[PDB]
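The chain below stands alone and is given as structure tokens, in the form deposited in one PDB entry.
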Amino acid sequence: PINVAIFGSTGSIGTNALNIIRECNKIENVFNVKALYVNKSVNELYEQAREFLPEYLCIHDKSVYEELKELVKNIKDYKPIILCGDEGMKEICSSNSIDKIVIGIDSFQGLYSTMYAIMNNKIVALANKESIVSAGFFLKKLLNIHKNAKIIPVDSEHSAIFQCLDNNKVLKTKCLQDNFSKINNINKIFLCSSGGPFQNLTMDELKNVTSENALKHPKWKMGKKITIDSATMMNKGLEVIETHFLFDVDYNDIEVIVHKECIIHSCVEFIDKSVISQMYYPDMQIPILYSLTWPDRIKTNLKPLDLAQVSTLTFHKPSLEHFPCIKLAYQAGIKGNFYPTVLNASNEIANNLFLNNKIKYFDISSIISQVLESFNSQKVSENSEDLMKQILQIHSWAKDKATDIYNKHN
């Protein structure tokens, strides 16, 4: 029986996690959902609690804590531990009845809960790429201290890469460990991208695109921030850095490829030049499920891939002139130090300004570029707590720098 906690159970990752857990448990009783954690969606948490009956419930927003305790009295034969805030999150992480933790929270509570999961030697199914990009060094350090903790990637491309690896080798190392690529015989990574909604626009059309155009008739259901990142290809830029940290693959050995059908999720070239790829319909249930079952697989009732119906798969190189965010991401990664923290932070501001119609498409990369040019590399702290504080300082600095640049050329 696999004992799981879901952090951010009402968000996109959380609800997909619970859906695939539900459907797999109908086939064979594999998962016990031991804990659910949400920010403030007390009614939805209640509905999930009624179905999954977790031992722990945690709500971040203290103002709905009493409402949750009263709602839960409706449920028959059920006495959960009901917790609140950061403190409740920490208690869940330290429970011996939880093996695996799904992190479905964005950058703030996300890195925070990831750190506590690692400190408690849990298996951590991590969807939050911003955390790896911004705090990669710190996560590596922490995993070197907490030797039984493991990060398993949930991001579709990174799960794909992970699924292409031989577990006989993966089991002798772990993600974010030095020499991971050597041990797994990895030579090169093809990181597949949908290309986003602006992939076929001319330069002249790109100058005038708005966030409405990016968010209009979205071929897949996702949040506004990641949709904007897909539009600029900064999503794939962040994913390049994520790939480098997760798998210890050199930046010269990570190739972004536009694959508009979104069937091949990424490919790995091994040192013999054989390439292995993972394929499925665009559906987050597979990456989530694999993070929870690894190194095994279990039966699902998901629709089988019909390759003849799919019929055609295409691949092309993205234009760095049309998508300068990719270039900026490689440059920041290659420069190393805290440049990735700065890249992620300045993008967070630039993304939000474009979303809210304050700046144009090419202003996004301009702002990020200027913040990166502005940054001065710092001595990397040896102490893990000092390092965390350093990352937080740089993140805050970079957000304020981007905002100041916006306010200058207002």
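Take the two forms, superpose them, and find the largest set of C-alpha atoms that agree within 1.5 Å; that set is the rigid core. One rule holds for the numbers: they count along the sequence shown, beginning at 1.
The same protein also has a form deposited in another entry, omitted here; what follows describes it.
Aligning the rigid core between this form and the one not shown and inspecting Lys207, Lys147, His217, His316, the C-alpha positions shift by 2 Å or more at one residue, which is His217. Relative to the superposed core, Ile254 undergoes a C-alpha shift smaller than 2 Å between this form and the one not shown. With the core superposed, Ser63 shows a C-alpha displacement of at least 2 Å between this form and the one not shown. Remark: with the core as the superposition reference, the CA shift of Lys73 between this form and the one not shown reaches 2 Å or more.
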